[PDB]
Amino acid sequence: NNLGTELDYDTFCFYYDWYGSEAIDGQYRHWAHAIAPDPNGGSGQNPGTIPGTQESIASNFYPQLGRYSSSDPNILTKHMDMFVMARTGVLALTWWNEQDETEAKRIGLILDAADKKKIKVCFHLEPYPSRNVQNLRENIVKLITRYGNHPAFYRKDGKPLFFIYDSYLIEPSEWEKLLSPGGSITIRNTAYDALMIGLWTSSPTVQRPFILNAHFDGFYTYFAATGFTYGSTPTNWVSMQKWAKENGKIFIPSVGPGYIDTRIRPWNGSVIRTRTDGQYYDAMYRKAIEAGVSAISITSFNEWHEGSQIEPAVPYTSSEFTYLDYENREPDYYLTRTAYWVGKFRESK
């Protein structure tokens, strides 16, 4: 078929499976959330918590699907149908190494639901406690062993792919052990080789040697808020792509529709980026495509705490909070607008 509706398998959408519902789980997990203390504020902050009631959830927006469980197979079905609407072929799943049966169940449910719609899944390896290159290798081995034969397990030219959040927390000298072909615990040329995509944060003076010396296969930028880092400043993307191409690296810039996290981080208002009826998303996605990249990542499907979600949101005013909503756009606008941009990306590829 040549309909202009097919999934794109170089488009990665960051997905969070940490929500919990009455129907499935037993606490309204993540809809209830601690309010972060101000890192520059007084001593003796008791910032409190958002209780995750119908009226008061840990987001500035309100989901169309309500306080859903990420363990609810009927929610997962709906989510995969939303990925199909958006034309996003890869779900980049947050992964926290919880070592619990409920996590294992959820991952399996997600892979199964994804496959019914021909969506692929890769892992977004988060900064779990004492993360280091040895336990990262062990966990890569476990994920490939457990899930590598699942038909929804993502591969690019035969290789799995991982995004590594806050990769700068591990020194390049440690990364080299895992990621250089000569490294003492290398995955290169093994059954567990993978494309490893590190997080480009700050200036080229710092990031270029970091990426080279760490032996990452590529880099992404994550943040939906323009200007939050050098990497999330889209005017830098042409130059970042040129460097990537020169150095055999894969650049996967991250685009998002807006940012606001002030329910959980009330002190962080300077990072707010207004959606402007889709104009912010349009501008960011255009810059990614114009940079001439081979792959794009979307922040986010459903990071509701950070207000970067493309998942449908609805107007809601409760006794406790007046939520933001999609304004003059319909709840599914960011899904259909994603599909528009995926088409533009494909036209350029």
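We number the residues from 1 along the sequence you see. We call the rigid core whatever largest set of C-alpha positions still superposes within 1.5 Å between the two forms.
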**Complete:** With the rigid core as the fit reference, the stretch showing the greater C-alpha departure in 9 other deposited structures of this protein, 22-30 or 286-294, is 22-30
**Prompt:** What stretch has the higher average Cα B-factor here, 309-317 or 30-38?
**Reply:** 30-38
**Fill in**
Per the PDB entry, mean CA B-factor is higher for 166-174 or 239-247, namely for 239-247
**Item:** Identity of residue with top Cα B-factor, from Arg131, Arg137, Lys118, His79
**Value:** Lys118
**Prompt:** From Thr94, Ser71, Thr274, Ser232, can you pick the one with the highest C-alpha B factor in the entry?
**Reply:** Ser71
**Request:** Classify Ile211 as lowest, middle or highest third according to the C-alpha B-factor given in the PDB entry, relative to its own chain.
**Result:** middle
**Fill in**
So, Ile296's CA B-factor, relative to its chain, sits in which third? The lowest
**Fill in**
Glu327: C-alpha B-factor third of its chain, per the entry, is the highest
**Request:** Place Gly198 in the lowest, middle or highest third of its chain's C-alpha B-factors, as listed in the PDB entry.
**Result:** lowest
**For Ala23, the third of its chain into which the C-alpha B factor falls** = highest
